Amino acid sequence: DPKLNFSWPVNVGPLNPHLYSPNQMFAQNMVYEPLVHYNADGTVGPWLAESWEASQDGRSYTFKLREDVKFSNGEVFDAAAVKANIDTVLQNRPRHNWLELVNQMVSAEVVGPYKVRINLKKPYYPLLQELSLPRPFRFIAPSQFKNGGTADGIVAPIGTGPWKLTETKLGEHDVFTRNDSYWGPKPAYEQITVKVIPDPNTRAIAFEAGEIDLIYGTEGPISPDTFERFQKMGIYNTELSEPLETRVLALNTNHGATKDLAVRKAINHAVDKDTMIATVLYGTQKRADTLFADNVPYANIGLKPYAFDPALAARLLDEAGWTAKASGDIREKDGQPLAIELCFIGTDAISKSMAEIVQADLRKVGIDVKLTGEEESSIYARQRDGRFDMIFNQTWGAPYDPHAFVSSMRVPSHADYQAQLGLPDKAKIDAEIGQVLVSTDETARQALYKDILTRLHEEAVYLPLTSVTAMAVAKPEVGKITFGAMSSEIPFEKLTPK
């Protein structure tokens, strides 16, 4: 029974299974479990539910539950528990109605001691995938409710999962202890200590001094130069994942110079992503040329990349009326200079390093990118108002992409909707997104996703940049390195020391 030291930039949170920030998804994933399980091969399999049947119309799903599960406090996991959980989520729809499964779900019914029926307004093909997510459909013991729910807080974070939160010291650490009565396989580590360490350089120093045993994260747990250093050094186990969600810039089709398709195409041709990846990222993320990568369901449709071609960029601009005067000037149209704001939350280190590169590259073709690294509330306001020319965004990874991310494009207060608002075919895109989510036919789903994604690509709504990757670094004694099936999943339970 070894112990593991991990680190994270913030405390894990109160670990409410049905709330969002400040609860950390990786930690929710350690404690609470779903009815069905997303696998790395894209399939969804049994988990708390052993099997399930679907009505002829696809509107009702009856889930047969395992009869050998208990919450970490000894309380029985059963159909009434699953109902009480779903009900408190459905009593709080405004927090959850970003998730289309919630919108479709009507009721949960107990139809046997270990059998739960879920009823929907319509057949909804992402049902099983969205039931597998970190939240909100995972299960706390109902004895832990307050006011008959979880929206106003919980007594203690009691789940059925392989780890229990046993100690929290604010600003210092969160300690997870192995659930010794877990229903599934027994984890080889008895304890994970998550040390709260906010700065990535501080994290590397702590790692080299033997105070942290494993680095693992998708948002730069250490700097790219440090990852490079570690790997060359050749004493550690180091690995990068396959491509996860895509980092993009969204270009505003409804606002500023990006209203012009020719400007958006020029932008996509003038940024040297290969150099950006080689210099600032040291090869730790793969170039992305489309909104979704080839490994996303329905997304491998053979779209043609916008090649790095700065001369072509120049030409398109010229024929849009954006012309220069002397060599090295900012282009002008109708006595209006080609100035474009690029927005990102100012504490986001990776985004900042990328923004600076985008600025330099576009400057070579006559575009004055004005960098705006702002405070979070200021950025949020811009997103809803559509008050941006270019703004950083990213997809959601597995198993959210593409269904849940395209679904969010429909919401007026979102950056993706605001950026797409100037497209002549915006209404048709949104109507097709709705149709694809409730389609019961695979041929139709392929055609629909192909059309939606082709329009977004051919209209140059996005500047795709890179594929996010989980980076992992570990002393060899920790053992083999495995990546979670989901972006947010850190499989501590699969680590086997030595």
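All residue numbers refer to positions in the sequence shown, first residue = 1.
- The question of which stretch, 106-114 or 268-276, has the higher mean Cα B factor is settled in favour of 106-114.
- Mean CA temperature factor is higher for 470-478 when stretches 470-478 and 483-491 are set side by side in the entry.
- Taking the PDB entry at face value, the top CA B factor among 72, 97, 119, 246 belongs to 72.
- Across the residues 416, 309, 219, 208, the deposited record lists the maximum Cα B factor for 208.
- Sorting the modelled residues of the chain by their CA temperature factor places residue 402 in the lowest third.
- Placement of the Cα temperature factor of residue 56 within the chain: highest third of the modelled residues, per the deposited record.
- The PDB entry assigns residue 252 a C-alpha temperature factor belonging to the lowest third of its chain's modelled residues.
- Remark: residue 286 belongs to the middle third of its chain, ranked by C-alpha B-factor as recorded.
- Remark: residue 327 belongs to the highest third of its chain, ranked by C-alpha B-factor as recorded.
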